[PDB]
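Here's a solo chain for you in structure tokens, the form deposited in one PDB entry.
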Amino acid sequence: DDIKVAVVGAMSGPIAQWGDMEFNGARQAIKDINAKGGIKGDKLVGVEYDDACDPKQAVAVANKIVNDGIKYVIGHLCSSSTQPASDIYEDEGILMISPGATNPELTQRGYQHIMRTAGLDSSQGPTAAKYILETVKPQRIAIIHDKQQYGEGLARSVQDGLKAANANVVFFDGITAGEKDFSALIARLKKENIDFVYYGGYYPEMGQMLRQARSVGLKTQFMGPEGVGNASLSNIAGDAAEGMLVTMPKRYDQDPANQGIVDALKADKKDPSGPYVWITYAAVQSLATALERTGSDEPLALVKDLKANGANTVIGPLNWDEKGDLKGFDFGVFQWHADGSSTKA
């Protein structure tokens, strides 16, 4: 029999541009999987629903999906819609894989029918530690943060990773957001011969730190999370932002293995650059992998199978933890330039 898969997101409202990315990625994945034989000859059929990223409509759509007899949902796109809908899908035993990326609590409620293919913002911590250890290979590290949840969380994760690998974290310290005078910190970095700094925080502080570091001839390599990557960074720091490392999502449309999909999209006059194209494509590939590998139609069997075995996707190999979040998923690492551009690795 045909296998129906609901695809839910914004066809209307303020989030429609991202919704278009989602529906385009799901449609292409379905076509591609069918052209390779479907699920042991059975075709996938996408059934699209617009929830306008509106909670009330999300609930209407979820109830319609239940009534329609559909067992698998790729969606929804926004937190305010995915959250109430997921309550209905969990109660009804319907598999839901979301490509939307906000709200950690979605997967913290013990739901067993829920999964995501968007990596959590916090994943940047282990990803940075990995790059520092495999590629940078610094000798004397300092880790700095601005005492706020975002930056301190990430700096603590980087510290844990680096310490776990026996790296030399010389010191770990917090600074005050809004700080314009980094003279004491930079002088300490120089005296302690620090060759690498990870800064958990935002671009204004990073830019000030970089300007002051270069003003005293520090050769230190700096790195931070996406929050330091801003077009007004190189504005504060000038030439001093050159060479800064930053984690940001990988540009999946640049992966050579994805060029077939990039071409199909461009041929249909669809922009392939949008991250939700790829994240949604990957959710479909994950579902298809589970259906193929298990031979089962039962949602829970599929979720357990993916948690156990993972899937290969257009965003790379994926693995999930027991709560349905991705485990060990990597943002890319980019080198910043004085002109605000950034290149991979």
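Start at 1 with the first residue shown and count on from there. Only residues modelled in both forms are compared. We call the rigid core the largest set of C-alpha positions that still match within 1.5 Å between the two forms.
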{"query": "Between 61-69 and 273-281 (mean CA B-factor, as deposited), the higher", "finding": "61-69"}
{"query": "Stretch exceeding the other in mean C-alpha B-factor - 92-100, 196-204", "finding": "92-100"}
{"query": "Out of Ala213, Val262, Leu162, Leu185, residue topping the C-alpha B-factor column of the entry", "finding": "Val262"}
{"query": "Residue, from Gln254, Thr117, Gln221, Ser123, that the PDB entry assigns the highest Cα B-factor", "finding": "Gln254"}
{"query": "Lowest, middle or highest third - CA B-factor, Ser296", "finding": "highest"}
{"query": "Assigned third (lowest, middle, highest) for the C-alpha B factor of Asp54", "finding": "highest"}
{"query": "Relative C-alpha B-factor of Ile175, binned into the chain's lowest, middle or highest third", "finding": "middle"}
{"query": "Third of the chain, ranked by Cα B-factor, where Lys266 sits", "finding": "highest"}
{"query": "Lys191 - Cα temperature factor, lowest/middle/highest third of chain", "finding": "highest"}
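The discussion below concerns the form deposited in another entry, not included here.
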| item | value |
| --- | --- |
| Cα displacement of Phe172 between the shown form and the other one reaching 2 Å, rigid core superposed | yes |
| C-alpha of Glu92 off by 2 Å or more between the shown form and the other one on rigid core | no |
| Cα distance between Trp320 and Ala164, which in that other deposited form differs by 3 Å or more from this form, closer or farther | farther |
| Cα distance between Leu318 and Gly125, which in that other deposited form differs by 3 Å or more from this form, closer or farther | farther |
| Rigid-core superposition between the shown form and the other one, with residue runs of at least 3 whose C-alphas all shift by 2 Å or more | 121-249, 328-345 |
